[PDB]
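Visitor: What follows is entry_37.txt, compact mmCIF, N, CA and C atoms.
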# COMPACT_ATOMS: atom_id res chain seq x y z
N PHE A 1 -34.47 -0.22 15.18
CA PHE A 1 -33.29 0.66 15.00
C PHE A 1 -33.29 1.23 13.59
N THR A 2 -33.96 0.50 12.72
CA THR A 2 -34.09 0.84 11.36
C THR A 2 -35.56 1.00 11.02
N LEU A 3 -36.43 0.19 11.63
CA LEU A 3 -37.86 0.28 11.36
C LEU A 3 -38.55 0.95 12.53
N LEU A 4 -38.41 0.38 13.73
CA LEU A 4 -39.04 0.99 14.90
C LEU A 4 -38.46 2.37 15.16
N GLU A 5 -37.16 2.51 14.95
CA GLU A 5 -36.47 3.78 15.13
C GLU A 5 -36.92 4.78 14.09
N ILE A 6 -37.49 4.30 12.99
CA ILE A 6 -37.94 5.14 11.90
C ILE A 6 -39.45 5.15 11.75
N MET A 7 -40.03 4.01 11.35
CA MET A 7 -41.47 3.93 11.09
C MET A 7 -42.34 4.49 12.19
N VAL A 8 -41.97 4.26 13.44
CA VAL A 8 -42.77 4.78 14.53
C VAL A 8 -42.66 6.29 14.48
N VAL A 9 -41.49 6.80 14.14
CA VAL A 9 -41.29 8.24 14.13
C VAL A 9 -41.90 8.91 12.93
N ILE A 10 -41.94 8.22 11.80
CA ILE A 10 -42.51 8.83 10.60
C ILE A 10 -43.94 9.18 10.93
N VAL A 11 -44.62 8.31 11.67
CA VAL A 11 -45.99 8.58 12.03
C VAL A 11 -46.00 9.77 12.98
N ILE A 12 -45.21 9.70 14.04
CA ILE A 12 -45.17 10.76 15.04
C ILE A 12 -44.85 12.09 14.38
N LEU A 13 -44.05 12.06 13.32
CA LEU A 13 -43.72 13.30 12.64
C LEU A 13 -45.00 13.85 12.03
N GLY A 14 -45.61 13.10 11.13
CA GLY A 14 -46.81 13.59 10.48
C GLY A 14 -47.95 13.83 11.44
N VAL A 15 -48.09 12.97 12.45
CA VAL A 15 -49.16 13.16 13.42
C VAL A 15 -48.92 14.47 14.14
N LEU A 16 -47.66 14.82 14.37
CA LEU A 16 -47.38 16.06 15.06
C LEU A 16 -47.60 17.21 14.10
N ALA A 17 -46.85 17.24 13.01
CA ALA A 17 -46.93 18.33 12.05
C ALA A 17 -48.32 18.53 11.49
N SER A 18 -49.17 17.50 11.50
CA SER A 18 -50.50 17.67 10.93
C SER A 18 -51.44 18.51 11.76
N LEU A 19 -51.51 18.24 13.06
CA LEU A 19 -52.42 18.95 13.95
C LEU A 19 -51.77 20.07 14.72
N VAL A 20 -50.89 20.81 14.07
CA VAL A 20 -50.27 21.98 14.66
C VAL A 20 -50.53 23.12 13.68
N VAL A 21 -51.60 23.85 13.91
CA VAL A 21 -51.97 24.96 13.05
C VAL A 21 -51.98 26.21 13.94
N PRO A 22 -50.90 26.99 13.95
CA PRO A 22 -50.85 28.16 14.83
C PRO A 22 -51.80 29.31 14.56
N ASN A 23 -51.73 29.91 13.38
CA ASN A 23 -52.59 31.06 13.09
C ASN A 23 -52.65 31.45 11.61
N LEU A 24 -53.23 32.62 11.36
CA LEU A 24 -53.39 33.23 10.05
C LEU A 24 -52.23 34.11 9.64
N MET A 25 -52.37 34.71 8.46
CA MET A 25 -51.44 35.65 7.89
C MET A 25 -52.29 36.84 7.46
N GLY A 26 -51.81 38.04 7.77
CA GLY A 26 -52.51 39.27 7.43
C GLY A 26 -52.97 40.06 8.63
N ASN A 27 -52.78 39.56 9.84
CA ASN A 27 -53.19 40.31 11.02
C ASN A 27 -52.42 41.61 11.12
N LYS A 28 -51.19 41.63 10.62
CA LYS A 28 -50.39 42.85 10.67
C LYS A 28 -51.03 43.92 9.80
N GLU A 29 -51.68 43.52 8.71
CA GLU A 29 -52.30 44.51 7.84
C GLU A 29 -53.39 45.25 8.60
N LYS A 30 -54.09 44.56 9.49
CA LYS A 30 -55.12 45.23 10.26
C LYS A 30 -54.44 46.21 11.19
N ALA A 31 -53.26 45.85 11.69
CA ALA A 31 -52.53 46.72 12.59
C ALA A 31 -52.06 47.98 11.92
N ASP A 32 -51.83 47.92 10.61
CA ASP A 32 -51.37 49.10 9.90
C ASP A 32 -52.38 50.22 10.00
N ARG A 33 -53.66 49.87 10.09
CA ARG A 33 -54.69 50.88 10.19
C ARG A 33 -54.55 51.71 11.45
N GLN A 34 -54.67 51.07 12.62
CA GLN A 34 -54.59 51.79 13.88
C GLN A 34 -53.27 52.51 14.02
N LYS A 35 -52.23 52.00 13.38
CA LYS A 35 -50.94 52.66 13.42
C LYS A 35 -51.06 54.00 12.75
N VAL A 36 -51.88 54.08 11.70
CA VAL A 36 -52.07 55.32 10.98
C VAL A 36 -53.19 56.09 11.66
N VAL A 37 -54.21 55.39 12.15
CA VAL A 37 -55.29 56.10 12.81
C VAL A 37 -54.73 56.74 14.06
N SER A 38 -53.76 56.10 14.70
CA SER A 38 -53.17 56.67 15.89
C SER A 38 -52.47 57.96 15.52
N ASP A 39 -51.92 58.01 14.32
CA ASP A 39 -51.24 59.21 13.90
C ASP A 39 -52.23 60.34 13.73
N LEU A 40 -53.38 60.05 13.11
CA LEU A 40 -54.41 61.05 12.83
C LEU A 40 -54.65 62.04 13.96
N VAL A 41 -55.01 61.54 15.13
CA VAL A 41 -55.23 62.42 16.25
C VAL A 41 -53.89 63.00 16.64
N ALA A 42 -52.85 62.18 16.62
CA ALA A 42 -51.53 62.65 16.99
C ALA A 42 -51.03 63.70 16.02
N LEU A 43 -51.43 63.62 14.76
CA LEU A 43 -50.98 64.59 13.79
C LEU A 43 -51.70 65.90 14.03
N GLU A 44 -53.03 65.89 13.88
CA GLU A 44 -53.80 67.10 14.07
C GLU A 44 -53.63 67.68 15.46
N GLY A 45 -53.60 66.82 16.47
CA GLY A 45 -53.42 67.33 17.81
C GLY A 45 -52.07 67.99 17.97
N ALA A 46 -51.06 67.44 17.32
CA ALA A 46 -49.74 68.03 17.40
C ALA A 46 -49.69 69.32 16.59
N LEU A 47 -50.37 69.35 15.44
CA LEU A 47 -50.37 70.55 14.63
C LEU A 47 -51.07 71.68 15.36
N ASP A 48 -52.10 71.34 16.14
CA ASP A 48 -52.85 72.34 16.88
C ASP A 48 -51.94 73.11 17.81
N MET A 49 -50.91 72.45 18.32
CA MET A 49 -49.97 73.13 19.19
C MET A 49 -49.28 74.23 18.41
N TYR A 50 -48.86 73.92 17.19
CA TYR A 50 -48.20 74.93 16.39
C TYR A 50 -49.23 75.96 15.97
N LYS A 51 -50.49 75.55 15.84
CA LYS A 51 -51.54 76.48 15.47
C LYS A 51 -51.79 77.43 16.62
N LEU A 52 -51.25 77.15 17.81
CA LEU A 52 -51.43 77.99 18.98
C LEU A 52 -50.33 79.04 19.07
N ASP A 53 -49.07 78.61 19.11
CA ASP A 53 -47.98 79.57 19.24
C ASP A 53 -47.87 80.52 18.07
N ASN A 54 -47.75 79.98 16.87
CA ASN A 54 -47.65 80.83 15.70
C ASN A 54 -49.07 81.18 15.24
N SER A 55 -50.10 80.74 15.96
CA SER A 55 -51.48 81.05 15.63
C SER A 55 -51.89 80.54 14.26
N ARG A 56 -51.17 79.58 13.71
CA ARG A 56 -51.48 79.03 12.39
C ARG A 56 -50.71 77.76 12.12
N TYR A 57 -51.02 77.14 11.01
CA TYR A 57 -50.43 75.89 10.57
C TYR A 57 -49.35 76.05 9.50
N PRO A 58 -48.43 75.09 9.38
CA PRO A 58 -47.39 75.17 8.34
C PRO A 58 -47.92 74.92 6.94
N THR A 59 -47.17 75.44 5.99
CA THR A 59 -47.45 75.33 4.57
C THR A 59 -47.14 73.93 4.02
N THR A 60 -47.77 73.60 2.89
CA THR A 60 -47.54 72.33 2.21
C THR A 60 -46.06 72.08 2.00
N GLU A 61 -45.39 72.96 1.24
CA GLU A 61 -43.96 72.76 1.01
C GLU A 61 -43.20 72.84 2.33
N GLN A 62 -43.73 73.59 3.29
CA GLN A 62 -43.12 73.67 4.60
C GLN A 62 -43.18 72.28 5.24
N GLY A 63 -44.20 71.49 4.87
CA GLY A 63 -44.38 70.13 5.35
C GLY A 63 -44.45 69.94 6.85
N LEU A 64 -44.68 68.70 7.27
CA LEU A 64 -44.75 68.39 8.69
C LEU A 64 -43.39 68.51 9.34
N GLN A 65 -42.32 68.60 8.54
CA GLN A 65 -40.98 68.74 9.07
C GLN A 65 -40.90 70.00 9.91
N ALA A 66 -41.75 70.98 9.62
CA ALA A 66 -41.79 72.17 10.43
C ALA A 66 -42.19 71.84 11.85
N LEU A 67 -42.97 70.79 12.02
CA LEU A 67 -43.35 70.39 13.35
C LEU A 67 -42.11 69.71 13.91
N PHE B 1 -18.62 -24.77 3.42
CA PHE B 1 -19.55 -24.39 2.33
C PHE B 1 -20.95 -24.84 2.71
N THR B 2 -20.99 -25.84 3.57
CA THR B 2 -22.19 -26.40 4.05
C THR B 2 -22.24 -26.25 5.56
N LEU B 3 -21.10 -26.36 6.23
CA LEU B 3 -21.06 -26.24 7.68
C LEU B 3 -20.48 -24.88 8.05
N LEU B 4 -19.26 -24.59 7.60
CA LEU B 4 -18.66 -23.30 7.92
C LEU B 4 -19.48 -22.17 7.31
N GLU B 5 -19.99 -22.40 6.12
CA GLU B 5 -20.81 -21.43 5.41
C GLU B 5 -22.13 -21.23 6.13
N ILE B 6 -22.52 -22.20 6.95
CA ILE B 6 -23.77 -22.16 7.68
C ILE B 6 -23.58 -22.01 9.18
N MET B 7 -23.02 -23.04 9.83
CA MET B 7 -22.87 -23.04 11.28
C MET B 7 -22.24 -21.79 11.85
N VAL B 8 -21.24 -21.25 11.17
CA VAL B 8 -20.62 -20.04 11.66
C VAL B 8 -21.64 -18.93 11.59
N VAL B 9 -22.46 -18.94 10.55
CA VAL B 9 -23.44 -17.88 10.37
C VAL B 9 -24.62 -18.01 11.28
N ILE B 10 -25.01 -19.24 11.60
CA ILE B 10 -26.17 -19.43 12.47
C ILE B 10 -25.86 -18.73 13.77
N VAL B 11 -24.62 -18.83 14.22
CA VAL B 11 -24.24 -18.18 15.46
C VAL B 11 -24.31 -16.69 15.24
N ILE B 12 -23.64 -16.20 14.20
CA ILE B 12 -23.60 -14.77 13.92
C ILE B 12 -25.00 -14.21 13.80
N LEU B 13 -25.92 -15.02 13.29
CA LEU B 13 -27.29 -14.55 13.17
C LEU B 13 -27.84 -14.30 14.56
N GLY B 14 -27.90 -15.34 15.38
CA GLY B 14 -28.45 -15.18 16.71
C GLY B 14 -27.66 -14.22 17.56
N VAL B 15 -26.33 -14.23 17.43
CA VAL B 15 -25.52 -13.32 18.22
C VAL B 15 -25.88 -11.90 17.82
N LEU B 16 -26.18 -11.69 16.54
CA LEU B 16 -26.53 -10.35 16.11
C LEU B 16 -27.94 -10.03 16.58
N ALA B 17 -28.91 -10.81 16.14
CA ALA B 17 -30.30 -10.56 16.47
C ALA B 17 -30.57 -10.54 17.97
N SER B 18 -29.73 -11.18 18.77
CA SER B 18 -29.98 -11.20 20.20
C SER B 18 -29.71 -9.89 20.91
N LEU B 19 -28.57 -9.27 20.64
CA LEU B 19 -28.18 -8.04 21.30
C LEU B 19 -28.47 -6.80 20.48
N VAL B 20 -29.60 -6.78 19.81
CA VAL B 20 -30.04 -5.61 19.07
C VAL B 20 -31.45 -5.31 19.58
N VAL B 21 -31.53 -4.44 20.57
CA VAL B 21 -32.80 -4.06 21.16
C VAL B 21 -32.95 -2.55 20.96
N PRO B 22 -33.66 -2.12 19.92
CA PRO B 22 -33.77 -0.68 19.65
C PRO B 22 -34.52 0.18 20.66
N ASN B 23 -35.79 -0.10 20.90
CA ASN B 23 -36.57 0.73 21.82
C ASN B 23 -37.90 0.12 22.26
N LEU B 24 -38.72 0.95 22.90
CA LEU B 24 -40.04 0.62 23.40
C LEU B 24 -41.15 0.86 22.39
N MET B 25 -42.38 0.61 22.84
CA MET B 25 -43.60 0.82 22.10
C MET B 25 -44.50 1.60 23.04
N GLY B 26 -45.14 2.64 22.51
CA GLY B 26 -46.04 3.48 23.29
C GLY B 26 -45.57 4.90 23.44
N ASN B 27 -44.39 5.25 22.93
CA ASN B 27 -43.92 6.62 23.03
C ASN B 27 -44.84 7.56 22.28
N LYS B 28 -45.47 7.07 21.22
CA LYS B 28 -46.38 7.90 20.45
C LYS B 28 -47.58 8.28 21.30
N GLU B 29 -48.00 7.40 22.20
CA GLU B 29 -49.15 7.71 23.04
C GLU B 29 -48.85 8.92 23.90
N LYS B 30 -47.60 9.06 24.35
CA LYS B 30 -47.25 10.22 25.14
C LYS B 30 -47.33 11.44 24.26
N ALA B 31 -46.98 11.29 22.99
CA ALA B 31 -47.01 12.41 22.07
C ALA B 31 -48.42 12.88 21.79
N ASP B 32 -49.39 11.98 21.90
CA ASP B 32 -50.77 12.37 21.66
C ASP B 32 -51.21 13.44 22.62
N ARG B 33 -50.66 13.43 23.83
CA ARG B 33 -51.02 14.43 24.82
C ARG B 33 -50.66 15.84 24.37
N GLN B 34 -49.36 16.09 24.17
CA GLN B 34 -48.90 17.41 23.78
C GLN B 34 -49.54 17.85 22.48
N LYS B 35 -49.89 16.89 21.63
CA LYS B 35 -50.54 17.22 20.38
C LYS B 35 -51.88 17.85 20.69
N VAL B 36 -52.53 17.38 21.75
CA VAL B 36 -53.83 17.91 22.13
C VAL B 36 -53.60 19.10 23.05
N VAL B 37 -52.57 19.04 23.89
CA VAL B 37 -52.32 20.16 24.78
C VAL B 37 -51.92 21.34 23.93
N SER B 38 -51.24 21.09 22.81
CA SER B 38 -50.85 22.19 21.94
C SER B 38 -52.09 22.83 21.38
N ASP B 39 -53.12 22.03 21.16
CA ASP B 39 -54.34 22.58 20.62
C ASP B 39 -54.99 23.50 21.63
N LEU B 40 -55.03 23.07 22.90
CA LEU B 40 -55.67 23.83 23.98
C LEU B 40 -55.42 25.32 23.93
N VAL B 41 -54.16 25.72 23.97
CA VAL B 41 -53.86 27.14 23.91
C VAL B 41 -54.22 27.61 22.52
N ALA B 42 -53.92 26.80 21.51
CA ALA B 42 -54.22 27.19 20.15
C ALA B 42 -55.71 27.31 19.92
N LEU B 43 -56.50 26.53 20.63
CA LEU B 43 -57.93 26.60 20.45
C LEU B 43 -58.45 27.86 21.11
N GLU B 44 -58.28 27.97 22.42
CA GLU B 44 -58.77 29.13 23.14
C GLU B 44 -58.15 30.42 22.63
N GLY B 45 -56.85 30.39 22.32
CA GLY B 45 -56.23 31.58 21.81
C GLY B 45 -56.81 31.98 20.47
N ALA B 46 -57.14 30.99 19.66
CA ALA B 46 -57.74 31.29 18.37
C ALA B 46 -59.18 31.76 18.55
N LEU B 47 -59.90 31.17 19.50
CA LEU B 47 -61.27 31.59 19.72
C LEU B 47 -61.31 33.02 20.22
N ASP B 48 -60.31 33.40 21.01
CA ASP B 48 -60.26 34.75 21.56
C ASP B 48 -60.25 35.78 20.45
N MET B 49 -59.66 35.43 19.31
CA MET B 49 -59.64 36.35 18.19
C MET B 49 -61.07 36.59 17.74
N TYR B 50 -61.86 35.53 17.64
CA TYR B 50 -63.23 35.70 17.22
C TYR B 50 -63.99 36.38 18.34
N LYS B 51 -63.57 36.18 19.58
CA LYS B 51 -64.22 36.84 20.70
C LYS B 51 -63.94 38.32 20.65
N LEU B 52 -62.98 38.76 19.82
CA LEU B 52 -62.63 40.16 19.71
C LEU B 52 -63.46 40.85 18.63
N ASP B 53 -63.41 40.35 17.40
CA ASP B 53 -64.15 40.99 16.32
C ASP B 53 -65.65 40.97 16.53
N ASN B 54 -66.22 39.79 16.71
CA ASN B 54 -67.65 39.70 16.93
C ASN B 54 -67.92 39.91 18.42
N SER B 55 -66.90 40.18 19.23
CA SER B 55 -67.05 40.43 20.66
C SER B 55 -67.66 39.24 21.40
N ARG B 56 -67.59 38.05 20.83
CA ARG B 56 -68.15 36.86 21.46
C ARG B 56 -67.69 35.59 20.78
N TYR B 57 -68.05 34.48 21.36
CA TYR B 57 -67.69 33.15 20.88
C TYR B 57 -68.80 32.44 20.11
N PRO B 58 -68.46 31.49 19.24
CA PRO B 58 -69.49 30.74 18.51
C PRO B 58 -70.26 29.76 19.38
N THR B 59 -71.45 29.44 18.90
CA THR B 59 -72.37 28.52 19.54
C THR B 59 -71.94 27.05 19.36
N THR B 60 -72.43 26.19 20.26
CA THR B 60 -72.16 24.76 20.20
C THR B 60 -72.46 24.21 18.82
N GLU B 61 -73.72 24.30 18.37
CA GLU B 61 -74.05 23.78 17.05
C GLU B 61 -73.29 24.55 15.98
N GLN B 62 -72.95 25.80 16.25
CA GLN B 62 -72.16 26.58 15.32
C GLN B 62 -70.78 25.92 15.21
N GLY B 63 -70.34 25.25 16.27
CA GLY B 63 -69.07 24.54 16.32
C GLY B 63 -67.83 25.34 15.99
N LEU B 64 -66.67 24.69 16.09
CA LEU B 64 -65.41 25.35 15.79
C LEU B 64 -65.29 25.63 14.31
N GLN B 65 -66.15 25.03 13.49
CA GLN B 65 -66.13 25.25 12.05
C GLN B 65 -66.33 26.73 11.78
N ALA B 66 -67.00 27.43 12.68
CA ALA B 66 -67.16 28.86 12.52
C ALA B 66 -65.82 29.56 12.54
N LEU B 67 -64.86 28.98 13.24
CA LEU B 67 -63.55 29.56 13.26
C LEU B 67 -62.95 29.20 11.91
Is it possible to give me this structure as structure tokens?
Guide:
Amino acid sequence: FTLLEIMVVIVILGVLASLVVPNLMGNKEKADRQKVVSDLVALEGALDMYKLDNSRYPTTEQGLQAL
Amino acid sequence: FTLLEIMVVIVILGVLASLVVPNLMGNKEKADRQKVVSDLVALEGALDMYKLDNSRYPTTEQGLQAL
């Protein structure tokens, strides 16, 4: 109640917490790439639409907000 | 001081120690399972990551140390 209730658990605690290694850190950073690479085709491909109707692309100061 | 100080306590000792049954032994053995079962998904799931980048899994002699 004081020893068995504790000492047995102290082991179970560390035995549990020791061999529980879920994963790494930084996988999201790899995801940031495709998130931007996905934009690349989506950006140029979307701009091409505007390059069709107005037959041209927006100006720098005009920015992508024109899209 | 010799009898009341003792005899009354001898009873209280056994009366106390008798009806104090905290728990069993072997509960940790049950915990060993989930500790390993937790690894199972964690092992294969972690290996799958390596199966993604290198498009395959490590060799036996290569062992999990490759992960």
Visitor: Give me, as JSON, numbers by chain, the contact residues of chain B against chain A at a cut-off of 8 Å, counting only N, CA and C atoms.
Guide: {"B": [20, 21, 22, 23, 24, 27, 28, 31, 34, 35, 36, 38, 39, 42, 46]}
Visitor: One number please: atom N of residue 47 in chain B to atom C of residue 64 in chain B, in Å, one decimal.
Guide: 9.3 Å
Visitor: Please superimpose chain B on chain A using every C-alpha atom, paired by order, in a least-squares fit, and write the moved chain as a short mmCIF file (atom, residue, chain, number, x, y, z; two decimals) with N, CA and C atoms, in the frame of the given file.
Guide:
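Produced file selection.cif, reproduced below:
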data_model
loop_
_atom_site.label_atom_id
_atom_site.label_comp_id
_atom_site.auth_asym_id
_atom_site.auth_seq_id
_atom_site.Cartn_x
_atom_site.Cartn_y
_atom_site.Cartn_z
N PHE B 1 -34.47 -0.21 15.17
CA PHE B 1 -33.28 0.66 15.00
C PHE B 1 -33.30 1.22 13.59
N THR B 2 -33.96 0.49 12.72
CA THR B 2 -34.09 0.84 11.36
C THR B 2 -35.57 1.00 11.03
N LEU B 3 -36.43 0.19 11.63
CA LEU B 3 -37.86 0.28 11.36
C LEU B 3 -38.55 0.95 12.54
N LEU B 4 -38.41 0.38 13.74
CA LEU B 4 -39.04 0.99 14.90
C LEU B 4 -38.46 2.37 15.16
N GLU B 5 -37.17 2.51 14.95
CA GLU B 5 -36.47 3.77 15.13
C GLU B 5 -36.93 4.78 14.09
N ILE B 6 -37.49 4.30 12.99
CA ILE B 6 -37.94 5.14 11.90
C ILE B 6 -39.46 5.15 11.75
N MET B 7 -40.04 4.01 11.36
CA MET B 7 -41.47 3.93 11.09
C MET B 7 -42.34 4.49 12.19
N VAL B 8 -41.98 4.25 13.44
CA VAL B 8 -42.77 4.79 14.53
C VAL B 8 -42.66 6.29 14.48
N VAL B 9 -41.49 6.80 14.14
CA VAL B 9 -41.28 8.24 14.12
C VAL B 9 -41.90 8.91 12.94
N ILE B 10 -41.94 8.22 11.80
CA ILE B 10 -42.51 8.83 10.60
C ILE B 10 -43.94 9.18 10.93
N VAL B 11 -44.61 8.31 11.67
CA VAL B 11 -45.99 8.58 12.04
C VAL B 11 -46.00 9.76 12.97
N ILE B 12 -45.21 9.70 14.04
CA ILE B 12 -45.17 10.76 15.03
C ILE B 12 -44.86 12.09 14.38
N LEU B 13 -44.05 12.06 13.32
CA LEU B 13 -43.73 13.30 12.64
C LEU B 13 -45.00 13.86 12.03
N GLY B 14 -45.61 13.11 11.13
CA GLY B 14 -46.81 13.60 10.48
C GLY B 14 -47.94 13.84 11.44
N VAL B 15 -48.09 12.97 12.45
CA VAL B 15 -49.16 13.16 13.41
C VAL B 15 -48.92 14.47 14.13
N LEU B 16 -47.66 14.81 14.37
CA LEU B 16 -47.38 16.06 15.06
C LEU B 16 -47.60 17.21 14.10
N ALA B 17 -46.85 17.23 13.01
CA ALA B 17 -46.93 18.32 12.05
C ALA B 17 -48.33 18.53 11.48
N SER B 18 -49.17 17.51 11.50
CA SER B 18 -50.50 17.67 10.93
C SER B 18 -51.44 18.51 11.76
N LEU B 19 -51.51 18.25 13.06
CA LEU B 19 -52.42 18.94 13.95
C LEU B 19 -51.77 20.07 14.72
N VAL B 20 -50.89 20.81 14.07
CA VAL B 20 -50.27 21.98 14.66
C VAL B 20 -50.52 23.12 13.68
N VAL B 21 -51.60 23.85 13.91
CA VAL B 21 -51.97 24.96 13.05
C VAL B 21 -51.98 26.21 13.94
N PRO B 22 -50.90 26.99 13.95
CA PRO B 22 -50.84 28.16 14.83
C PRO B 22 -51.80 29.31 14.56
N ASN B 23 -51.73 29.91 13.38
CA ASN B 23 -52.59 31.06 13.09
C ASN B 23 -52.65 31.45 11.61
N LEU B 24 -53.23 32.62 11.36
CA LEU B 24 -53.39 33.23 10.05
C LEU B 24 -52.23 34.11 9.64
N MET B 25 -52.37 34.72 8.46
CA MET B 25 -51.44 35.65 7.88
C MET B 25 -52.29 36.84 7.46
N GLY B 26 -51.81 38.04 7.77
CA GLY B 26 -52.51 39.27 7.43
C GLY B 26 -52.98 40.06 8.63
N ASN B 27 -52.78 39.56 9.85
CA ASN B 27 -53.19 40.31 11.02
C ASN B 27 -52.42 41.61 11.12
N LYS B 28 -51.19 41.63 10.62
CA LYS B 28 -50.39 42.84 10.67
C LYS B 28 -51.03 43.92 9.80
N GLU B 29 -51.68 43.52 8.71
CA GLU B 29 -52.30 44.51 7.84
C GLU B 29 -53.38 45.25 8.59
N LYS B 30 -54.10 44.56 9.49
CA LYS B 30 -55.11 45.23 10.27
C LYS B 30 -54.44 46.21 11.19
N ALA B 31 -53.26 45.85 11.68
CA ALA B 31 -52.54 46.72 12.60
C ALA B 31 -52.05 47.98 11.92
N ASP B 32 -51.82 47.92 10.62
CA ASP B 32 -51.37 49.10 9.90
C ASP B 32 -52.38 50.22 10.00
N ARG B 33 -53.65 49.87 10.09
CA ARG B 33 -54.70 50.88 10.19
C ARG B 33 -54.56 51.72 11.45
N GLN B 34 -54.67 51.07 12.62
CA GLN B 34 -54.59 51.79 13.88
C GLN B 34 -53.27 52.52 14.02
N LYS B 35 -52.23 52.00 13.38
CA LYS B 35 -50.94 52.66 13.42
C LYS B 35 -51.07 54.00 12.75
N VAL B 36 -51.88 54.07 11.70
CA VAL B 36 -52.07 55.32 10.98
C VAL B 36 -53.19 56.09 11.65
N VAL B 37 -54.20 55.39 12.16
CA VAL B 37 -55.29 56.10 12.81
C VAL B 37 -54.74 56.74 14.06
N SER B 38 -53.75 56.10 14.70
CA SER B 38 -53.17 56.68 15.89
C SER B 38 -52.47 57.96 15.52
N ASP B 39 -51.92 58.01 14.32
CA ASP B 39 -51.24 59.21 13.90
C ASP B 39 -52.23 60.34 13.73
N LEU B 40 -53.38 60.05 13.11
CA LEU B 40 -54.41 61.06 12.83
C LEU B 40 -54.65 62.04 13.96
N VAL B 41 -55.01 61.53 15.13
CA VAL B 41 -55.23 62.43 16.25
C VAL B 41 -53.89 63.00 16.64
N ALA B 42 -52.85 62.18 16.61
CA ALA B 42 -51.53 62.65 16.98
C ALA B 42 -51.03 63.70 16.02
N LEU B 43 -51.43 63.62 14.76
CA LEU B 43 -50.97 64.59 13.80
C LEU B 43 -51.70 65.90 14.03
N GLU B 44 -53.02 65.89 13.89
CA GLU B 44 -53.80 67.10 14.06
C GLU B 44 -53.64 67.68 15.46
N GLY B 45 -53.60 66.82 16.48
CA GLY B 45 -53.42 67.33 17.81
C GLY B 45 -52.07 67.99 17.97
N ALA B 46 -51.06 67.44 17.32
CA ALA B 46 -49.74 68.04 17.40
C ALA B 46 -49.69 69.33 16.58
N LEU B 47 -50.37 69.35 15.44
CA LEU B 47 -50.37 70.55 14.63
C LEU B 47 -51.07 71.68 15.37
N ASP B 48 -52.10 71.34 16.14
CA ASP B 48 -52.85 72.34 16.87
C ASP B 48 -51.94 73.11 17.81
N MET B 49 -50.91 72.45 18.32
CA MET B 49 -49.97 73.13 19.20
C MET B 49 -49.28 74.23 18.41
N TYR B 50 -48.86 73.93 17.19
CA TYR B 50 -48.20 74.93 16.39
C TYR B 50 -49.24 75.95 15.96
N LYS B 51 -50.49 75.54 15.83
CA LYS B 51 -51.54 76.48 15.47
C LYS B 51 -51.78 77.43 16.62
N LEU B 52 -51.25 77.14 17.81
CA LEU B 52 -51.43 77.99 18.97
C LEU B 52 -50.33 79.04 19.07
N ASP B 53 -49.07 78.61 19.11
CA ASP B 53 -47.98 79.56 19.24
C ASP B 53 -47.87 80.52 18.07
N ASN B 54 -47.74 79.98 16.86
CA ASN B 54 -47.65 80.83 15.70
C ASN B 54 -49.07 81.18 15.24
N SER B 55 -50.10 80.75 15.96
CA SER B 55 -51.49 81.05 15.63
C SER B 55 -51.89 80.54 14.25
N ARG B 56 -51.17 79.58 13.71
CA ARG B 56 -51.48 79.03 12.39
C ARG B 56 -50.71 77.75 12.11
N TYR B 57 -51.03 77.14 11.01
CA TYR B 57 -50.43 75.89 10.57
C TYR B 57 -49.35 76.05 9.50
N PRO B 58 -48.43 75.09 9.38
CA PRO B 58 -47.39 75.17 8.34
C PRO B 58 -47.92 74.93 6.94
N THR B 59 -47.17 75.44 5.99
CA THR B 59 -47.45 75.33 4.57
C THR B 59 -47.13 73.93 4.02
N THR B 60 -47.77 73.60 2.89
CA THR B 60 -47.54 72.33 2.21
C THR B 60 -46.06 72.08 2.00
N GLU B 61 -45.38 72.96 1.24
CA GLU B 61 -43.96 72.76 1.01
C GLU B 61 -43.20 72.85 2.33
N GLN B 62 -43.73 73.59 3.29
CA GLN B 62 -43.11 73.67 4.60
C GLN B 62 -43.18 72.27 5.24
N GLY B 63 -44.19 71.49 4.87
CA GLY B 63 -44.39 70.13 5.35
C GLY B 63 -44.45 69.94 6.85
N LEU B 64 -44.68 68.70 7.28
CA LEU B 64 -44.75 68.39 8.70
C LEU B 64 -43.39 68.51 9.34
N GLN B 65 -42.33 68.60 8.54
CA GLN B 65 -40.97 68.73 9.06
C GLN B 65 -40.90 69.99 9.91
N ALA B 66 -41.75 70.97 9.62
CA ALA B 66 -41.78 72.17 10.43
C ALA B 66 -42.19 71.84 11.85
N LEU B 67 -42.97 70.79 12.02
CA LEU B 67 -43.35 70.39 13.34
C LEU B 67 -42.11 69.71 13.91
#
Visitor: Rounded to one decimal place, report the atom C of residue 45 in chain A-atom N of residue 60 in chain A distance in Å.
Guide: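 Answer for the atom C of residue 45 in chain A to atom N of residue 60 in chain A separation: 16.7 Å.
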Visitor: Could you jot down the atom C of residue 58 in chain A to atom C of residue 32 in chain A separation for me, Å, one decimal place?
Guide: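 If I compute the distance from atom C of residue 58 in chain A to atom C of residue 32 in chain A, I get 25.3 Å.
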Visitor: List every residue of range 21-66 of chain B that DSSP, applied to the backbone of this structure, assigns to alpha helix (DSSP H), and report them as a list in words.
Guide: residues 27, 28, 29, 30, 31, 32, 33, 34, 35, 36, 37, 38, 39, 40, 41, 42, 43, 44, 45, 46, 47, 48, 49, 50, 51, 52 and 53 of chain B
